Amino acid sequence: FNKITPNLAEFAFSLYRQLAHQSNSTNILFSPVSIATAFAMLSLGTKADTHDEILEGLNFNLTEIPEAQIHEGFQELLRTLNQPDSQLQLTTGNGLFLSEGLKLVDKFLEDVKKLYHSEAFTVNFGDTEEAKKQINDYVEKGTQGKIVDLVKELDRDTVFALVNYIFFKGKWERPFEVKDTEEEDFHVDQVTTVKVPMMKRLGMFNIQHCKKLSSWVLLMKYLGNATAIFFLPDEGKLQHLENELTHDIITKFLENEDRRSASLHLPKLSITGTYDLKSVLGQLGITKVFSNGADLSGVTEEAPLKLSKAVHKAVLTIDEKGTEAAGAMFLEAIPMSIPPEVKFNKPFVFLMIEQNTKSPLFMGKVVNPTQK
């Protein structure tokens, strides 16, 4: 089911095409969910233009959807992410860091902790370096060592910092057997290749070839409550795919429960995506909260405040199947017939959708597994 998801979808695409044009030969990885829910939670401390700008920046038509519904929708999602339709290893969090000395509004801190279950702390921004450590420690501790020293530096007038991260490494509901994981070619160019550990499995896959998107569309079911959608653009059809993607078409794929025999070659990789939300979202029109004109009265009533730091870092690790545990052995009726060998051996885009809410958890493009 969906509620605000269409709003999150178009947000994911906007934020994607944003990074896909600007940045050219880089793996892209961001959580449309972690980011939005973060700025939707922050909007609760904003007022007037400053606020409307955030919600509108998150692809929300304020004139058509009651804000009460926007936040209600986000809570539903987090409810599913806390204790879902299944415990899917997801290490996501949002930490706010405000100056020790600001008389923060209790209500906002309520909404942060209770409503959006986000961590908020007060630090001494007088010691710029200590704040970074203090912050980076939070993330690291929270990602249990996967993310280290996220923030490399803070502005001179930093009094409010936002750190948003998400680490995922799901176990395949239908794993690849490590024995078959050999290293193979990966086309970074039409004439150049690179070697990467290529996983492979002959089986009944929810694979298809969409002519509209000019690409092979593979739906990998995750042991948890998320579904991996991979898009392998045709020869020279990457820009087209990126431009033809629509929440509709993706919902069409989700509702698709067919499967056919295919020899899937999917690379093993652990890509990352570190982004400066101030910059990236500013491009989406969210600027007032990050500047001197920020109306963060919900955060702190009497003293000026603005969002000096807003950083996102998404990490996604794909392999044969999480970690060796209850393997659960299934069997598939594979027809005797030349199955299409589908190799994800060239730039491809992809998304991770939470099965229930259909919220885009991760969106990205792998240009080269080698980069991290």
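Residues carry their position along the shown sequence, with the first being 1.
Across the two stretches, 258 to 266 and 150 to 158, the PDB entry reports the greater mean Cα temperature factor for 150 to 158.
Comparing 195 to 203 with 239 to 247, the stretch with the higher mean C-alpha B-factor in the PDB entry is 239 to 247.
Residue set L284, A228, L296, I271: peak C-alpha B-factor at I271 (per PDB entry). If you compare the C-alpha temperature factors of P66, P304, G322, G57 in the entry, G322 comes out highest. In the deposited entry, the Cα temperature factor of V289 places it in the lowest third of its chain's modelled residues.
When all modelled residues of the chain are sorted by CA temperature factor, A9 is found within the middle third. In the PDB entry, a CA B factor belonging to the middle third of its chain's modelled residues is recorded for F121. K179: CA B factor lies in the middle third for its chain, per the PDB record.
Sorting the modelled residues of the chain by their CA temperature factor places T357 in the lowest third.
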